[PDB]
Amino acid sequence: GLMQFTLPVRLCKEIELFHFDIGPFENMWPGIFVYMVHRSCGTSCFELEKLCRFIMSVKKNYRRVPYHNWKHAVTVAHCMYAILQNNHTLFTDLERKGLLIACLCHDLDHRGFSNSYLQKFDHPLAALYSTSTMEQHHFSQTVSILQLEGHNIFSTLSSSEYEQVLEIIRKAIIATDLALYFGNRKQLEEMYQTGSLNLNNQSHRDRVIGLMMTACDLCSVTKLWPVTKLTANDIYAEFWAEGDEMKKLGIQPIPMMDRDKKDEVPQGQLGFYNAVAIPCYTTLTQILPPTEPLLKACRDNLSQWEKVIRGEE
């Protein structure tokens, strides 16, 4: 009741910034997440006992893969926390509750392989879910954990509030399928520019929350250069293992996944920053101006990748 989570001073101040790194001490990540729910939502949003039991079951259903792991989950939630705290008055009580949970849960039981590899391997999940294969699985794992005894953090919601929060989480998690991002951003670009964009239109909120989910998901490109660069090593460690597996099925992987194109990594980052990251944070900054520090940070890491190509590192 009268129990606030607090953080040491450097974390208490830096967690409020977009570029915060949750650090290498795993055992502090649950408390960092609770701290963020408390300040973003309130000490009354969730019963502490249920929340803690929920957090630990979520942690236990993330696997020890190089990138799509528990650290990524808390990282993506911290970015959402930053967006929600800098746009306080734009979001409902249900959205605040639902979106940090969605971020923690958005990659549950990831195996380090893309939807494409699941479809080429012919994995059972690819028969159950023809599109956004892993993302329907992640939402499925979230509902499972919510239904374990002592884990219903939403137990105090009405029947219809419950259904609205699970529907926010489902759409938030689906939107993390980057195949969906391009069209979603295009539509938001056009609606913003013709001034049709309308935050009372629920289908418009849906798209804006979807672009926030892509922004939070890609936030490794918005960190200090040493964090960005070392995270890229984890990202490629998965993609190259996927490349190896593709070759094992008798298939040339795409260049992104072929460890024989290690030398081309700087140029692949440029493409990625130009085709995905920069457009993502641009459109987000237009729609929510106080998210601009993500665009500024993204542009700085693009310069760092340009510097790498030029031999300046």
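Residue numbers here begin at 1 and follow the sequence given. In this text, the rigid core denotes the largest set of C-alpha atoms whose superposition between the two forms falls within 1.5 Å.
Once the rigid core is matched, which of the two stretches, 118-126 or 158-166, lies farther off on average in 7 other deposited structures of this protein by C-alpha? Of 118-126 and 158-166, the stretch deviating more in 7 other deposited structures of this protein is 118-126.
Quick one: with the core lined up, is it 7-15 or 294-302 that wanders further in 7 other deposited structures of this protein, going by C-alpha RMS? Result of the core-fitted comparison in 7 other deposited structures of this protein: 7-15 deviates more.
Averaged over C-alpha atoms, is the B-factor higher for 189-197 or for 214-222 in this PDB entry? The stretch with the larger mean CA B-factor is 189-197.
Between 48-56 and 65-73, point out the one with the higher average CA B-factor as the PDB entry records it. Result of the comparison: 48-56.
Can you pull the Cα B-factors for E95, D234, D177, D107 from the entry and say which is highest? Comparing C-alpha B-factors across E95, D234, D177, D107, the top value belongs to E95.
Can you tell me which of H138, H88, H78, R111 has the highest Cα temperature factor in the record? It is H88.
Ranked against its chain, the third holding the CA B-factor of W240: For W240, the deposited C-alpha B-factor lands in the lowest third.
Ordered by C-alpha B-factor within the chain, which third holds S203? Give me lowest, middle or highest, please. Its C-alpha B-factor, which the entry lists for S203, ranks in the highest third among residues of this chain.
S155 by Cα B-factor - lowest, middle or highest third of the modelled chain: Its C-alpha B-factor belongs to the highest third of this chain's values.
Determine, from the deposited record, the chain-internal third of the Cα B-factor for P289: lowest, middle or highest. It falls in the top third of the chain.
Give the position of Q269 by CA B-factor within its chain, expressed as the lowest, middle or highest third. For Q269, the deposited C-alpha B-factor lands in the lowest third.
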